[PDB]
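**Q** Coordinates for the following, if possible.
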Amino acid sequence: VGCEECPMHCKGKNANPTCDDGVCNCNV
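**A** Numbers count the residues shown, from 1 in each chain. Next comes the structure:
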């Protein structure tokens, strides 16, 4: 719910945008 940090991390070769709600990660 208080998202922002979780998807940022991914940026390590490939991945990036939004958070996808509570849950979050890489995936594209």
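
**Q** How about the contacts made by the nearest residue to residue 15 once chain neighbours are set aside?
**A** Leaving out its chain neighbours, the residue that sits closest to residue 15 by CB to CB, 6 or more residues apart in numbering is residue 26, at 3.7 Å. In short, each C-beta sits where N, CA and C put it, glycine included. Shown in contact with residue 26 (CB atoms under 8 Å, 6 or more residues apart in numbering): 7, 10, 14-15.

**Q** and with 10 Å instead?
**A** Listed by CB atoms under 10 Å, 6 or more residues apart in numbering, the contact set of residue 26 reads 7, 9-16.

**Q** so who does the residue nearest to the spatial centre of the chain touch?
**A** In the chain, the residue lying closest to the centroid (CA atoms, centre = their mean) is residue 7, at 1.7 Å. Contact analysis of residue 7 by CB under 10 Å, 6+ apart lists 15-20, 24-27.

**Q** Closest one to residue 3 out of these, please.
**A** The nearest member of those to residue 3, counting by CB to CB, is residue 19 at 4.0 Å.

**Q** State the number of residues packed around that closest one.
**A** Residue 19 has 14 neighbouring residues, counting by other CB atoms under 10 Å.

**Q** just to revisit the earlier point, and which of the contacts of residue 26 is nearest to residue 1?
**A** Nearest member of these to residue 1, counting by CB to CB, is residue 7, at 14.1 Å.

**Q** Please tell me how far that closest one sits from residue 17.
**A** Noted for residue 7: a distance of 7 Å to residue 17, by CB to CB, to the nearest Å.
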